[PDB]
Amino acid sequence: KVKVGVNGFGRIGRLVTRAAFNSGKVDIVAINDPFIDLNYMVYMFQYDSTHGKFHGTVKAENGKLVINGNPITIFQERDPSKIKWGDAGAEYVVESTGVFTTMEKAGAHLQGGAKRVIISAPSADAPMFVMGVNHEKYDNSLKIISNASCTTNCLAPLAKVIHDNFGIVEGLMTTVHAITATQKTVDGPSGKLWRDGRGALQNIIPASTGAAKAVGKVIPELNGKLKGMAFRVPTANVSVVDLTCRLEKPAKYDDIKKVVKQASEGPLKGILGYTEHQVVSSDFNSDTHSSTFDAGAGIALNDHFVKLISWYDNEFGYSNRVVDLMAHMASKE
């Protein structure tokens, strides 16, 4: 029902667009990307190495991108403040370029007529929200918000269930993460983050992520109680979280399984998943969950000290959450 503009037609931009048209929860009416012209958008959206060919129709007609018969205005602006979202009827803008993550930078979309902006990444100052965890804390005074990172959306739902039931005194997270567009095919320049410049195909690359720390924002009680890091590895998609945490109340591993499974079947349905199957990463490709608990993979040293494993399609899960978030916001208007 809410009309949506997308800034940055990349992995997230394109898959948010897919999620939108597949679910019908929001309507994409405009897209901006200076480095992808209209004809190129048809090809990039239609064919996808990771998630296969788009199920539906896409073509260019009269300057518009037409997906499933729905025309979309196409902009080619480098400067976000110059995009005429208002003229196109875009009420919400998905900010998914990755270079406008502050409220100041993302707020440029308001000058073009956008009413609200959703940053598809962590923000230094924008309020972050995770569906199933704190999305009800949103209110209509917030015109610029963040949907956090893919990793945060994996960790937070799980952390909520564990904290709600047993309490997390302290925890340390590792994520084995699929490669992304920011990495390099071969050893190349990355002056700010030297390790991230090394060849992505050849290397396990340790990386710093504020994902664990970010969970402290969407779940205030866990503020300062979580830290983590990442290992980037040569897979095209799907990542996994490794949460090692100390519980303040005792819990058998079966108790943990029970409460997680219960959550996945109820209040966190579609967000937090649960499995006992012998899964590997490819089994979660195009899976729309934010987080899927791997029961068989976890290990318990004692009732107070455990390692919990959760899978996530970093591309497809997060993209769907962006749509869910916007659908929820629209319902409050």
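The numbering used is simple: start at 1 and walk along the sequence shown.
Colleague: Report the stretch with the higher mean CA temperature factor, choosing between 208-216 and 139-147 on the basis of the entry.
Modeller: Taking the mean C-alpha B-factor of 208-216 and of 139-147, the larger value falls to 208-216.
Colleague: Quick check on the record: does 186-194 or 199-207 carry the larger mean Cα temperature factor?
Modeller: In the deposited entry, the stretch with the higher C-alpha B-factor mean is 186-194.
Colleague: Of 280, 30, 272, 299, which one's C-alpha B factor is largest in the deposited record?
Modeller: Of 280, 30, 272, 299, 299 has the highest C-alpha B-factor.
Colleague: Among 153, 175, 134, 111, where is the Cα B factor highest in this entry?
Modeller: Going by the entry's C-alpha B-factors, 111 comes out highest.
Colleague: Among all modelled residues of this chain, ranked by Cα B factor, put residue 21 in the bottom, middle or top third, i.e. lowest, middle or highest.
Modeller: Highest third - that is where residue 21 ends up once the chain's C-alpha B-factors are sorted.
Colleague: Can you tell me whether residue 41 has a C-alpha B-factor in the lowest, middle or highest third compared with the other modelled residues of the same chain?
Modeller: Tercile = middle for this residue's CA B-factor.
Colleague: Per the entry's values, where does residue 242 land by CA temperature factor relative to the rest of its chain, in the lowest, middle or highest third?
Modeller: It belongs to the highest third of the chain when residues are ordered by C-alpha B-factor.
Colleague: Ranked by Cα temperature factor within the chain, is residue 62 in the lowest third, the middle third or the highest third?
Modeller: As the PDB entry reports it, the C-alpha B-factor of residue 62 lands in the highest third of its chain.
Colleague: Lowest, middle or highest third: where is residue 330 by Cα B-factor in its chain?
Modeller: Middle third - that is where residue 330 ends up once the chain's C-alpha B-factors are sorted.
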